[PDB]
Amino acid sequence: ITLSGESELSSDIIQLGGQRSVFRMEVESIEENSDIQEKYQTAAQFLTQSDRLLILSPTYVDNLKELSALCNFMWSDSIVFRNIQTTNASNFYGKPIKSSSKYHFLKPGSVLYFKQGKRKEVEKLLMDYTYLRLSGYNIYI
RNA sequence: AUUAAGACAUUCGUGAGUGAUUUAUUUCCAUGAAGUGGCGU
């Protein structure tokens, strides 16, 4: 996680997932001037193959037709996404509002075998959604 | 504020109903209430 300016994150006991699933945080501050994306890609370096793109985190593309046109083979799978949408001042005591649209992402471990060249085209299509990239989606090696 | 929060695998339920420790088996087999006279020559 990257926190801007004055923001302290203390280790505590947290809730993550349904049925009040309980977890323990350990907050460790790594050295400064570091890029977390570069750290994740360094971790994923050992799975790199130059003839294909490896999907490491759930990847979303608005239209799969262009992606399929850009590669010869899509040895891929699909996962489901639906977010609980809450405003900054919401009820928080009641049935939460969920995303009215159910979204399909590319499963991690999927591989895209692009044509000759055009790797930059697929990469540009994937990184066109920078909001998802910041959150942790659409990460590849 | 995170496909989230709330939710006892719980309620009712006799290990109970029928059942003879009974049937078959001679306290029986063998066995002498018997033995001997004595003295007075």
# chains A, B, ... in the order shown; residues from 1 in each chain; ligands from 1
call {"tool": "closest_atom_pairs", "arguments": {"of": "chain A", "to": "chain B", "cutoff": "7 Å", "atoms": "only C-alpha atoms (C1' of nucleotides)", "output": "CSV"}}
result
residue,atom,partner,partner_atom,distance
A:16,CA,B:2,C1',6.2
A:17,CA,B:2,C1',6.5
A:18,CA,B:4,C1',6.7
A:82,CA,B:3,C1',5.7
A:83,CA,B:3,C1',6.0
A:84,CA,B:3,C1',6.2
A:92,CA,B:1,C1',6.7
A:96,CA,B:4,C1',6.6
call {"tool": "residues_around", "arguments": {"residues": "residue 127 in chain A", "least_positions_apart": "6", "cutoff": "9 Å", "atoms": "only C-alpha atoms (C1' of nucleotides)", "output": "PyMOL selection string"}}
result
chain A and resi 133+138-139
call {"tool": "residues_around", "arguments": {"residues": "residue 118 in chain A", "least_positions_apart": "4", "cutoff": "9 Å", "atoms": "only C-alpha atoms (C1' of nucleotides)", "output": "number ranges by chain"}}
result
A: 70-71, 114, 122-123
call {"tool": "atom_distance", "arguments": {"atom1": "CA of residue 115 in chain A", "atom2": "CA of residue 68 in chain A"}}
result
10.3 Å
call {"tool": "select_by_dssp", "arguments": {"residues": "range 56-88 of chain A", "states": "alpha helix (DSSP H)", "output": "JSON, numbers by chain"}}
result
{"A": [64, 65, 66, 67, 68, 69, 70]}
call {"tool": "write_last_selection", "arguments": {"atoms": "C-alpha atoms", "output": "PDB file, in the first residue's frame"}}
result
ATOM      1  CA  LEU A  64     -12.876  -9.073 -25.350  1.00  0.00           C
ATOM      2  CA  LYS A  65     -13.239  -8.886 -29.147  1.00  0.00           C
ATOM      3  CA  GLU A  66     -10.309  -6.495 -29.628  1.00  0.00           C
ATOM      4  CA  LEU A  67      -8.155  -8.524 -27.236  1.00  0.00           C
ATOM      5  CA  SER A  68      -8.972 -11.758 -29.071  1.00  0.00           C
ATOM      6  CA  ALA A  69      -8.186 -10.034 -32.369  1.00  0.00           C
ATOM      7  CA  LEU A  70      -4.812  -8.991 -30.942  1.00  0.00           C
TER       8      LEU A  70
END
call {"tool": "select_by_dssp", "arguments": {"residues": "range 47-87 of chain A", "states": "strand (DSSP E)", "output": "PyMOL selection string"}}
result
chain A and resi 53-54+71-75+78-81+84-85
call {"tool": "write_last_selection", "arguments": {"atoms": "C-alpha atoms", "output": "JSON list (two decimals), in the first residue's frame"}}
result
[["chain", "number", "residue", "atom", "x", "y", "z"],
["A", 53, "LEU", "CA", 1.60, -12.35, -21.49],
["A", 54, "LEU", "CA", 0.90, -13.83, -18.05],
["A", 71, "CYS", "CA", -3.65, -12.52, -30.02],
["A", 72, "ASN", "CA", -3.60, -15.95, -31.64],
["A", 73, "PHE", "CA", -4.60, -17.86, -28.49],
["A", 74, "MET", "CA", -6.26, -16.91, -25.20],
["A", 75, "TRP", "CA", -5.58, -19.79, -22.79],
["A", 78, "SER", "CA", -13.02, -16.05, -16.14],
["A", 79, "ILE", "CA", -13.88, -14.89, -12.63],
["A", 80, "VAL", "CA", -16.90, -12.94, -11.41],
["A", 81, "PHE", "CA", -16.82, -9.49, -9.83],
["A", 84, "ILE", "CA", -20.64, -3.47, -2.59],
["A", 85, "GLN", "CA", -21.19, 0.19, -3.46]]
